[PDB]
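The data below hold one chain only, encoded as structure tokens and taken in the form deposited in one PDB entry.
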């Protein structure tokens, strides 16, 4: 709904996930970067989006959509990746989640249109993957038994503008300050601050990850635990090693995750373009020859 200039739009909270969708992304570190889109530009108008779930929490039921969002609407889609059950080792399980499993077993990134999506586990940084991993690994004798439950919820679909984007004020200042002549290091600094890539569409939502720790010889005496522990979702006996969990999106106040996710999402199942494409359309003439440099540096940066 478009309001009309005589309704105040300060009323409306910005659509959830708006700041996050505006950030660049680094394909190599799997880290987010600084803002690429201007997350708070409204283009002199009041565009609102309906939240049908408002009782669970006009003006209470509508959020404001920044201009750089061509589309945003809410969803509630749930994918449960209940695993395949057995697994001899933990690293094998987490590595084979990425390489060997379908898209409902994790989060995806894809480049461009026909750019087939890459499954990136949970979608944290490479250093965060090696902290959930290092702090996890420590637990076993000589690798016994691991199951995984993983749930993915999409709380919104969105699509970024392709034409006439409003670039973040700071990024535009950084661009304007790069030299006309090619200097790798300086453009590499730009890539580190703003990203390898920026998002053009995807989902808002989150992930809840479980990994059950089972004791071979145990189940022996007394797949089966996975089935049952999935019920516990929807310290005691039972070879209950210790259910380890990872979570993205939502906020405390933990299937309170489910209730709160829509209002505190992260970006998932997203499409992206190399950072330099951001300036290929979208106004700003003079700064073109800086795109060849930015392309060149990106190519070098990714060869690393």
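Numbering follows the first chain given and starts at 1. Here the rigid core means the biggest group of C-alpha atoms that line up within 1.5 Å when the two forms are laid on top of each other.
We do not show the form deposited in another entry, though everything after this point is about it.
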Only one of 177, 88, 180, 193 shifts its Cα by 2 Å or more between the shown form and the other one once the rigid core is superposed, namely 88
- Message: At a 2 Å cut-off on C-alpha positions, does residue 75 qualify as shifted between the shown form and the other one after fitting the rigid core?
- Response: no
Q.
Superposed on the rigid core, does the Cα of residue 162 end up 2 angstroms or more away between the shown form and the other one?
A. no
>> For a quick test of reading the superposition: does residue 19 move by 2 Å or more at the CA between the shown form and the other one, rigid core aligned?
In response: no
Evidently the Cα separation of residue 102 and residue 155 changes by 3 Å or more in the other entry, so the atoms lie farther
A change of 3 Å or more separates this form from the other: in the other entry, the C-alpha atoms of residue 30 and residue 104 are closer
